[PDB]
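Residue numbers (the deposited numbering), protein chains in the order written: chain A, 102 to 151; chain B, 59 to 352; chain C, 303 to 352; chain D, 1 to 148. Take a look at the structure below.
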């Protein structure tokens with residue numbers, strides 16, 4: 102398995118006329134996605150007298 | 059490092075993120091690059107537009123009562139509000155993510171900064187009846203009384219090549235005829251209309267050319283034709299940019315700082331803030347300068 | 303976007319013969335895997351038409 | 001979504017939170033009302049809606065380096081990091097079903113199941129005050145509220 106990380110988007114915004122009101126915080130989450138590696142094979146063969 | 063209970067998997071934590079949109083901030087990228095910088099605290103700005111007058115008589119001799127008049131004035135106002143946003147993590151987490159060298163803070167300063175500009179678009183294109191000092195509301199580019207409203211008749215998503223130029227000149231003539239404005243105009247389209255203006259022409263029967271190669275060949279008045287994601291569906295907008303049309307004034311440019319940590323377990327916090335305002339030019343009598351199509 | 307990761311490149315070898323009447327045999331094998339990208343929200347990157 | 005809701009304590013840029021650690025008893029989701037019990041264990045409240053004197057104790061989201069988010073439930077029998085809410089902070093609560101928030105400033109009571117609801121402020125303890133105009137239909141949606 103080979104995994105890879107894809108994060109997200111965030112952010113809150115308030116509009117203010119005065120400039121002094123309580124402003125807002127956020128943070129970025131994360132998640133993963135995964136693939137897989139299988140094995141293929143094949144063979145061939147003849148006899149001795151041929 | 060690599061517990062042997064699960065040593066089959068392989069990880070590469072470097073991250074990708076998310077790409078924004080097609081024609082996201084094309085208009086706002088032009089307004090904020092030509093903006094005038096004023097000082098912070100000035101909530102309202104003003105400007106004056108005078109008038110035209112004068113009565114005139116005529117005779118053969120000349121000995122008649124000459125008349126006289128003068129020119130009035132009126133003032134136009136805008137407003138400057140303040141936008142802000144913040145982000146932050148705890149203490150035990152960030153010291154853990156500092157160990158494995160995961161940049162989990164620079165993947166926020168490049169991320170809240172996008173959302174800060176993206177909610178100026180909800181003010182530029184939709185406005186707000188919440189920030190008013192005396193009479194200087196903004197209202198938005200599709201509901202203001204300083205924006206000429208013009209209803210489209212034919213749907214520009216299904217029409218042919220001939221009905222496009224026949225209904226793009228009827229939009230431009232609400233700036234050259236009934237509003238007397240001049241100078242190089244520029245146009246902004248929906249993402250969906252920019253798709254449908256790539257297909258087959260239907261008129262030029264020599265080779266293959268698209269509708270966008272007909273609009274910027276028949277109408278060279280449009281100096282700049284771009285797409286913008288703020289419109290959606292059958293709606294366009296044509297106006298002038300610069301100091302004599304749609305313009306912006308920046309109160310305080312975009313700056314950022316860190317709330318300082320006092321104790322040993324104070325969480326990390328950062329703040330970004332910004333302040334600017336928008337207004338479109340009007341004449342004294344009421345000759346507008348921006349047209350919003352449908 | 304659409305990408306592939308090769309585990310082992312395509313190689314071939316011969317099963318060795320012990321006796322005088324061992325049949326001839328050859329083996330080819332290969333290992334790789336596929337995955338398309340996917341964001342946090344589910345914004346994909348490949349479209350399959352009908 | 002312009003209103004990203006991936007942190008349960010969004011209450012100012014200078015106000016730090018007050019944390020009450022303790023043990024778990026069940027697997028609750030972050031943003032629900034808690035109540036401490038005998039021993040040193042926390043779980044959902046399961047008190048009546050018309051009972052006063054309860055402490056404003058909500059479940060903080062778990063750390064990022066422990067598999068924690070705003071929708072990942074906690075693991076039972078472990079240390080759950082919670083939040084005691086001071087008056088004058090904004091927090092993301094979790095409402096019940098079939099109620100719409102029209103005006104910014106209604107009273108936020110507490111349902112008996114560990115979620116919140118808009119109740120009449122004459123027979124129940126008022127915890128917080130609404131700060132977002134949305135309509136919810138599925139039980140477990142995050143609505144911004146100021147704790148005063």
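The C-beta atom is built at its ideal place from N, Cα and C for all residues, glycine as well.
**Request:** Could you tell me the boundaries of the beta strand (DSSP E) in which residue 170 (chain B) lies?
**Result:** Position 112 of the second chain, counted from the first residue, corresponds to residue 170 (chain B). Run containing residue 170 (chain B): none in the beta strand (DSSP E); it sits in the alpha helix (DSSP H), 170-176.
**Message:** Short of 8 Å in beta carbon distance, which residues of its chain neighbour residue 21 (chain D), apart from the five on each side in sequence? Order them along the chain.
**Reply:** Taking the first residue of the fourth chain as 1, we reach residue 21 (chain D) at position 21. Correct list, in chain order: 79, 80, 81 and 82.
**Item:** Top-ranked residue by Cα proximity to residue 165 (chain B), from B:188, B:100, B:145 and B:60
**Value:** Locating residue 165 (chain B) in the second chain gives position 107, counting from the first residue. Among B:188, B:100, B:145 and B:60, the Cα nearest to that of residue 165 (chain B) is on B:145.
**Item:** residue 303 (chain B) versus residue 202 (chain B) - alpha carbon distance
**Value:** Here residue 303 (chain B) is taken as the residue at index 245 of the second chain, counted from 1. Here residue 202 (chain B) is taken as the residue at index 144 of the second chain, counted from 1. Going by the C-alpha atoms only, they are around 15 Å apart.
**Asked** From D:51, D:143 and D:31, pick the residue whose C-alpha is nearest to that of residue 100 (chain D); which is it?
**Response** Mapped onto the fourth chain, residue 100 (chain D) falls at position 100. Checked all of D:51, D:143 and D:31; the closest Cα to residue 100 (chain D) is D:143.
**Asked** On the premise that residue 56 (chain D) lies in contact with residue 147 (chain D), defined as a C-beta separation below 8 Å, what is that separation, rounded to the nearest angstrom?
**Response** Residue numbering aside, residue 147 (chain D) sits at position 147 when the fourth chain is read from its first letter. Residue numbering aside, residue 56 (chain D) sits at position 56 when the fourth chain is read from its first letter. Right, their Cβ atoms sit about 6 Å apart.
**Prompt:** Can you tell which of B:271, B:83 and B:293 has its C-alpha closest to the C-alpha of residue 207 (chain B)?
**Reply:** Here residue 207 (chain B) refers to the residue found at position 149 of the second chain. Among B:271, B:83 and B:293, the Cα nearest to that of residue 207 (chain B) is on B:293.
**Message:** Run through chain D and tell me which residues come within less than 8 Å of residue 128 (chain A), C-beta to C-beta.
**Reply:** For the purposes of this step, residue 128 (chain A) is taken as the residue at position 27 of the first chain. Per Cβ cutoff of 8 Å: 6, 7 and 64.
**Request:** Step through the CB atoms of chain D and report whether any lies within less than 8 Å of the CB of residue 104 (chain A).
**Result:** Reading the first chain from its first residue, position 3 is the one you call residue 104 (chain A). False, the Cβ-Cβ gap to chain D never drops below 8 Å.
**Inter-residue spacing [alpha-carbon to alpha-carbon] between residue 140 (chain D) and residue 31 (chain D)** = Along the fourth chain, read from residue 1 onward, the residue named residue 140 (chain D) stands at position 140. Along the fourth chain, read from residue 1 onward, the residue named residue 31 (chain D) stands at position 31. Cα-Cα distance, rounded: 9 Å.
**Asked** How about residue 116 (chain A): is its C-beta nearer than 8 Å to some C-beta of chain D?
**Response** Within the first chain, the letter at position 15 stands for residue 116 (chain A). It does not; no Cβ of chain D falls within 8 Å.
**Asked** So is the beta-carbon of residue 102 (chain B) under 7 Å away from any non-hydrogen atom of the ligand PLP?
**Response** Ligands are entirely absent from the displayed structure, and the ligand PLP is therefore not among its contents.
**Prompt:** What residue range is occupied by the uninterrupted beta strand (DSSP E) comprising residue 365 (chain C)?
**Reply:** Look at the range of chain C in this structure, 303 to 352, and you will see that residue 365 (chain C) is not part of it.
**Message:** Between residue 153 (chain B) and chain A, is the shortest Cβ-Cβ distance under 8 Å, so that the two count as touching?
**Reply:** The residue given as residue 153 (chain B) occupies position 95 in the second chain. So, not an interface residue.
**Message:** Measuring only the C-alpha atoms, how far is residue 97 (chain D) from residue 90 (chain D)?
**Reply:** Start at 1 with the first residue of the fourth chain, and residue 97 (chain D) comes out as number 97. Start at 1 with the first residue of the fourth chain, and residue 90 (chain D) comes out as number 90. Computed Cα separation, rounded: 21 Å.
**Asked** Of all the options A:139, A:141 and A:127, which has the alpha carbon lying nearest to the alpha carbon of residue 64 (chain D)?
**Response** Sequence index remark: in the fourth chain, residue 64 (chain D) carries index 64 (1-based). Here the closest residue by C-alpha is A:127.
**Item:** Separation of residue 133 (chain B) from residue 112 (chain B), as counted between CA atoms
**Value:** On the second chain, residue 112 (chain B) is found 54 positions in, with the first residue counted as 1. On the second chain, residue 133 (chain B) is found 75 positions in, with the first residue counted as 1. Going from the Cα of residue 112 (chain B) to the Cα of residue 133 (chain B) covers about 22 Å.
**Simplified DSSP assignment, three categories, for residue 349 (chain B)** = As a position in the second chain, residue 349 (chain B) is number 291, starting the count at 1. DSSP places residue 349 (chain B) in strand when its eight states are reduced to three.
**Segment contact flag, the stretch 244-256 of chain B with the stretch 280-294 of chain B, C-beta cutoff 8 Å, min 3 pairs** = yes
**Prompt:** Quick one, are the C-beta atoms of residue 112 (chain D) and residue 129 (chain D) less than 8 Å apart?
**Reply:** In the fourth chain, residue 112 (chain D) corresponds to position 112, counting from 1. In the fourth chain, residue 129 (chain D) corresponds to position 129, counting from 1. The answer is no: Cβ separation not under 8 Å.
**Asked** Are the beta-carbon atoms belonging to residue 307 (chain B) and residue 138 (chain B) less than 8 Å from one another?
**Response** Counting from one through the second chain, the residue named residue 307 (chain B) turns up at place 249. Counting from one through the second chain, the residue named residue 138 (chain B) turns up at place 80. The Cβ-Cβ distance between residue 307 (chain B) and residue 138 (chain B) falls below 8 Å.
**Asked** By Cβ distance, which residues of its chain are closer than 8 Å to residue 340 (chain C), with the 5 residues on each side in sequence left out?
**Response** As a position in the third chain, residue 340 (chain C) is number 38, starting the count at 1. These residues qualify, in order along the chain: 346 and 347.
**Request:** Could you tell me the boundaries of the beta strand (DSSP E) in which residue 310 (chain B) lies?
**Result:** Residue numbering aside, residue 310 (chain B) sits at position 252 when the second chain is read from its first letter. Element bounds for residue 310 (chain B): 305-316.
**Prompt:** Over what stretch of residues does the alpha helix (DSSP H) that includes residue 167 (chain B) continue unbroken?
**Reply:** Residue 167 (chain B) sits at position 109 when you count from the first residue of the second chain. Run containing residue 167 (chain B): 164-167, per the alpha helix (DSSP H) assignment.
**Prompt:** When the Cα of residue 108 (chain D) is compared with those of D:12, D:119 and D:15, which residue comes out closest?
**Reply:** As a working mapping, residue 108 (chain D) is identified with position 108 in the fourth chain. Considering only alpha carbons, the answer is D:119.
**Asked** Could you give the distance in angstroms between the alpha-carbon of residue 141 (chain B) and the alpha-carbon of residue 114 (chain B)?
**Response** The residue you call residue 141 (chain B) lines up with position 83 of the second chain. The residue you call residue 114 (chain B) lines up with position 56 of the second chain. Straight-line Cα distance between these residues: approximately 53 Å.
**Item:** the stretch 303-327 of chain B: positions lying closer than 8 Å to chain D by Cβ
**Value:** 317, 324, 325 and 327
**Message:** Buried or exposed for residue 219 (chain B), going by 16 or more other Cβ atoms inside 10 Å?
**Reply:** Walking along the second chain from the start, residue 219 (chain B) turns up at place 161. Classification of residue 219 (chain B): buried, given that the 10 Å Cβ count is 16 or more.
**Boundaries (first-last residue) of the alpha helix (DSSP H) holding residue 105 (chain B)** = Along the second chain, read from residue 1 onward, the residue named residue 105 (chain B) stands at position 47. Per DSSP, residue 105 (chain B) belongs to no alpha helix (DSSP H); it is in the beta strand (DSSP E), 102-108.
**residue 171 (chain B) to residue 61 (chain D) span [Cα, whole Å]** = If you number the second chain from 1, residue 171 (chain B) lands on position 113. If you number the fourth chain from 1, residue 61 (chain D) lands on position 61. Each residue's alpha carbon lies about 24 Å from the other.
**Between the CA atoms of residue 66 (chain D) and residue 138 (chain D) - distance to the nearest angstrom** = As a working note, residue 138 (chain D) is residue 138 in the fourth chain. As a working note, residue 66 (chain D) is residue 66 in the fourth chain. Those two C-alpha atoms are separated by around 27 Å.
**Message:** I'd like to know whether the C-beta of residue 71 (chain B) is nearer than 8 Å to at least one C-beta of chain A.
**Reply:** One-based indexing of the second chain puts residue 71 (chain B) at position 13. For residue 71 (chain B), the answer is yes, since a Cβ of chain A falls inside 8 Å of its Cβ.
**Message:** Run through the DSSP bridge pairs and tell me what residue 268 (chain B) is partnered with.
**Reply:** Along the second chain, read from residue 1 onward, the residue named residue 268 (chain B) stands at position 210. Its beta-bridge partners are B:258.
**Request:** Within its chain, find whatever has a CB closer than 7 Å to the CB of residue 183 (chain B); leave out the 5 residues flanking it on each side and keep chain order.
**Result:** To locate residue 183 (chain B), count along the second chain from 1; it is residue 125. Hits under 7 Å: 198, 199, 200 and 288.
**Where the beta strand (DSSP E) through residue 18 (chain D) begins and ends** = Within the fourth chain, the letter at position 18 stands for residue 18 (chain D). Its beta strand (DSSP E) spans residues 18-20.
**Request:** Within 10 angstroms of the Cβ of residue 147 (chain B), are there 16 or more other Cβ atoms? Answer buried if so, exposed if not.
**Result:** Stepping through the second chain from its first residue, residue 147 (chain B) is reached at position 89. Per the 10 Å Cβ criterion, buried.
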